[PDB]
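Sequence lines set the chain letters: A, B, ... in the order given, protein chains first and strands last, and positions in each chain run from 1.
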There are 2 protein chains.
Amino acid sequence: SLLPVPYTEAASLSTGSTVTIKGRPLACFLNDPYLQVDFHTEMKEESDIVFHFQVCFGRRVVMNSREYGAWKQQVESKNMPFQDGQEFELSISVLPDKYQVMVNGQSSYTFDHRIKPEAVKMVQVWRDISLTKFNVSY
Amino acid sequence: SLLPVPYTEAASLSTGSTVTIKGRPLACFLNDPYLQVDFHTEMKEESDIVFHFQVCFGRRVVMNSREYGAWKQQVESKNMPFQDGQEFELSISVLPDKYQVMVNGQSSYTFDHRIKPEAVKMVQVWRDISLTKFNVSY
């Protein structure tokens with residue numbers, strides 16, 4: 001859609017920040033499209049990832065961090081509020097102790113901070129979606 | 001790059017046909033980009049898949065078919081001739097008994113026919129690549 005994908009934006013986060021994303025999968029769920037949102041420690045795509053959020057639409061969500069180049073403890077959820085063929089609105093709120101992910105207004109995933117959110121310098125949104133809105137509160 | 005991704009083209013295949021794809025991953029291998037090539041039985045994206053070829057660059061290749069809407073027996077290979085950050089040339093040749101996948105001129109994967117290649121009506125190339133060339137011999 002309107003915004004380029006992969007989408008990369010410099011960003012700063014702290015308690016009270018919200019990252020809001022509006023988009024739509026590029027394929028029906030039967031084709032297992034992905035969505036990925038990564039909060040990076042530098043502008044470079046190979047930099048460490050404070051928060052990795054990966055949806056396989058219709059299947060599961062995996063969350064992790066990538067520290068000194070290595071993936072850490074994967075977390076998995078089978079919660080799937082995303083609807084086949086539909087636009088979604090995804091909100092990621094920075095709470096004192098965790099990220100909270102809302103999908104279409106419903107609390108759907110959380111992820112305890114492994115690294116301070118202040119380490120984030122960049123957000124990348126990519127894989128099999130079109131993107132119409134991306135916003136970071138400041 | 002030049003061709004739209006996801007890329008969809010109507011196609012007919014038989015013994016002696018070759019599908020040639022030139023492209024480049026959109027991310028470094030550390031970010032686990034995917035490439036997927038699906039030979040479909042109809043133009044519709046949800047149609048059955050005679051040959052499903054999915055690369056997770058730097059990790060593995062999975063191959064399968066999707067018959068009457070259900071994924072069948074997955075095959076997996078850890079062969080990884082693709083090079084981090086590089087353009088690749090992918091050739092899929094239709095042999096009497098199998099598909100043969102060449103990567104940068106080297107035989108890299110094969111997949112025995114589960115359904116006659118004559119059932120193919122469409123090829124889709126998608127996931128995390130840019131595409132500069134797509135050709136089906138006729």
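- For the pair A:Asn135 (side chain) and A:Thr20 (backbone), a donor-acceptor distance under 3.5 Å is absent.
- Nearest approach of A:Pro81 to A:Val103, heavy atoms of both residues: CG-CB, 3.7 Å.
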Audit row: B:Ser91, B:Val19, side-chain contact (heavy atoms from CB on, under 4.5 Å) steps and yes/no | CA-CA 6 Å; B:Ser91 202; B:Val19 184; over 6 Å; no
Quick one: do A:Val125 and A:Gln36 satisfy side-chain contact (heavy atoms from CB on, under 4.5 Å)? Show the steps, please.
-> CA-CA 6 Å; A:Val125 180; A:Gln36 187 159 322; over 6 Å; no
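- Sparse packing is recorded around CD of A:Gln106, with 12 or fewer heavy atoms of other residues, nucleotides or ligands lying under 6.0 Å away.
- Taking each heavy atom of A:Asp128 and B:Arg127 in turn, the nearest pair found is OD2-NH1, 2.9 Å.
- In this structure, A:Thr132 and A:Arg24 have side chains that are not in contact, with every pair of non-hydrogen atoms separated by 4.5 Å or more.
- Listed here is the closest heavy atom pair of B:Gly69 and B:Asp48: N-OD1, 3.1 Å.
- Nearest approach of A:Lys78 to A:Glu76, heavy atoms of both residues: NZ-OE2, 3.2 Å.
- For A:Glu89 and A:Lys22, the salt-bridge test fails: no basic side-chain N is under 4.0 Å from an acidic carboxylate O.
- For the residue pair B:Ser14/B:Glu118, the side-chain donor-acceptor check at 3.5 Å is not satisfied.
- Rounding to the nearest 0.5 Å places CG of B:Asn64 at 10.0 Å from CD of B:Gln54.
- There is a side-chain donor-acceptor pair under 3.5 Å between B:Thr18 and B:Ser93.
- Below 30°, between 30° and 60°, or above 60°: for B:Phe82 and B:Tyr109 the angle between ring planes is below 30°, a parallel geometry.
- Between the side chains of A:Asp38 and A:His52, at least one donor N or O lies within less than 3.5 Å of an accepting N or O.
- Looking at B:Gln100 and B:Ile92, their side chains never come closer than 4.5 Å, going by heavy atoms from C-beta outward.
- Between B:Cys28 and B:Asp84 there is a side-chain heavy-atom pair separated by less than 4.5 Å.
- Atoms CD and CZ, on B:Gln83 and B:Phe29 in that order, are 7.0 Å from each other to the nearest 0.5 Å.
- The aromatic rings of B:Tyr99 and B:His113 lie perpendicular to each other, with more than 60° between the two planes, well past the 30° mark.
- With rounding to the nearest 0.5 angstrom, the NZ atom of B:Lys121 is 3.5 Å from the CD atom of B:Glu42.
- Of the N and O atoms on the side chains of B:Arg114 and B:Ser65, at least one donor lies less than 3.5 Å from an acceptor on the other residue.
- How far CE of A:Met122 is from CD of A:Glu9: 11.0 Å, rounded to the nearest 0.5 Å.
- Taking OG of B:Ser108 as the start and CE of B:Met80 as the end, the distance is 9.5 Å to the nearest 0.5 Å.
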After noting the C-alpha distance and the side-chain angles of A:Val123 and A:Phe134, does the key distance pass the side-chain contact (heavy atoms from CB on, under 4.5 Å) rule?
-> CA-CA 10 Å; A:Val123 178; A:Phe134 180 94; 3.8 Å; yes
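- Note: the hydrophobic cluster containing A:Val94 also contains A:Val75 (ILVMFWY, side chain heavy atoms under 4.5 Å, direct or indirect links).
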What's the verdict on side-chain contact (heavy atoms from CB on, under 4.5 Å) for B:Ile21 and B:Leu131, showing C-alpha distance, side-chain angles and the deciding distance?
-> CA-CA 7 Å; B:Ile21 291 153; B:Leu131 186 66; 3.4 Å; yes
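- Looking at every heavy atom in both residues, A:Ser12 comes nearest to A:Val136 through O-CG1, 4.0 Å.
- Hydrophobic cluster membership differs between A:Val37 and A:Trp126, with clusters built from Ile, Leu, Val, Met, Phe, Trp and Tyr side chains linked at under 4.5 angstrom.
- Judged by distance alone, the side chain of B:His40 and the main-chain N or O of B:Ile49 form no donor-acceptor pair under 3.5 Å.
- Between A:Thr8 atom OG1 and A:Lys44 atom NZ the span is 11.5 Å, to the nearest 0.5 Å.
- Following chains of ILVMFWY side-chain contacts shorter than 4.5 Å, one can reach B:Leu90 starting from B:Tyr7, so the two form part of one hydrophobic cluster.
- Both B:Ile115 and B:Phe53 belong to a single network of hydrophobic side chains, linked directly or stepwise wherever heavy atoms of I, L, V, M, F, W or Y lie under 4.5 Å apart.
- Connection of A:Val101 to A:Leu35 is established within a shared hydrophobic cluster, with ILVMFWY side chains joined at heavy-atom distances below 4.5 Å, either directly or through further cluster members.
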Start with the C-alpha gap between B:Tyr34 and B:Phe57, add the side-chain angles, then the distance that decides, and say whether ring pair (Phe, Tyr, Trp, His ring centres under 6.0 Å) holds.
-> CA-CA 6 Å; B:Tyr34 286 92; B:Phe57 287 103; 8.6 Å; no
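- The heavy-atom pair separating A:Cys56 from A:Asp32 by the smallest distance is SG-CB, 3.9 Å.
- No hydrogens or angles considered: a donor-acceptor pair under 3.5 Å links the side chains of B:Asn31 and A:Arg66.
- Looking at heavy atoms from C-beta onward, B:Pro25 lies in side-chain contact with B:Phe88 at the 4.5 angstrom threshold.
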